């Protein structure tokens, strides 16, 4: 048994942090783009017989990084790797996990099928948009949660406060309920959208923990902060696993009232996306523990 770690080019800090935790160097490779956009991949040491972990994050532009991961998995399959696990800290197309009105694809299911066809035996991901995505892949899917990590941090710094957990929309109330339990059985509230916006529950004078899976443009979340403010909240804290933080989100979030915005580094948080209220916690130790347990295999 031989553990080998491979990494795409999208998020080099995460790869380096994971490699350090495991005490294993990232496997040498040439990874480059033709002017075309076609990706070229070549492994610069032997991969025959290894237990391979292929780590790729999927920031913008996302389709390029998804193809790079599939190409690496093809190469390991043709190079006689024994077992291939794909690690996708942010699962691409997770939001497209059903048809909605219809005549649509289920893109999250297509991603799992493509990873299977490329040669992946296992998928590891963090905080899927829905837990049912775990059933999209014909094989083991380790669905890691950042909840303990995020609530542990919030518990260390806001234990003194009078807390209410708030879900920014109706889809996320169940997870919010899990957080409220983790924070000592505090109350719960959420934003009801009629197709107007209303807060359902009492937040007056309370420290609100606004929890979401991801922050993309910051529209929904900034709207929620302003609503909670209007309803007499003392404080608002934003916590999410994935900081996609596109477009005006950094500016939007810095200018909204929130005291703190807490994210993990499943995606690379570049200097353009940073702002003073932003705190980034590392997902690396969680990823390293999962790789170790998969590799140890009992």
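Positions refer to the first chain, counted from 1.
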query: Extent of unmodelled deposited sequence, residue 196 relative to residue 195; finding: 4 to 9
query: Entry-level comparison of average CA B-factors, 138 to 146 and 79 to 87, reporting the higher stretch; finding: 138 to 146
query: Mean C-alpha temperature factor, higher of 33 to 41 and 263 to 271; finding: 33 to 41
query: Selection by C-alpha B-factor (highest) of 74, 113, 216, 121; finding: 216
query: Third assignment of residue 49 from its chain's C-alpha B-factors; finding: lowest
query: Assigned third (lowest, middle, highest) for the C-alpha B factor of residue 93; finding: lowest
query: Relative C-alpha B-factor of residue 253, binned into the chain's lowest, middle or highest third; finding: middle
query: Residue 27 CA temperature factor, ranked by third within the chain; finding: middle
query: Within-chain third of residue 206 by Cα B-factor, per the entry; finding: highest
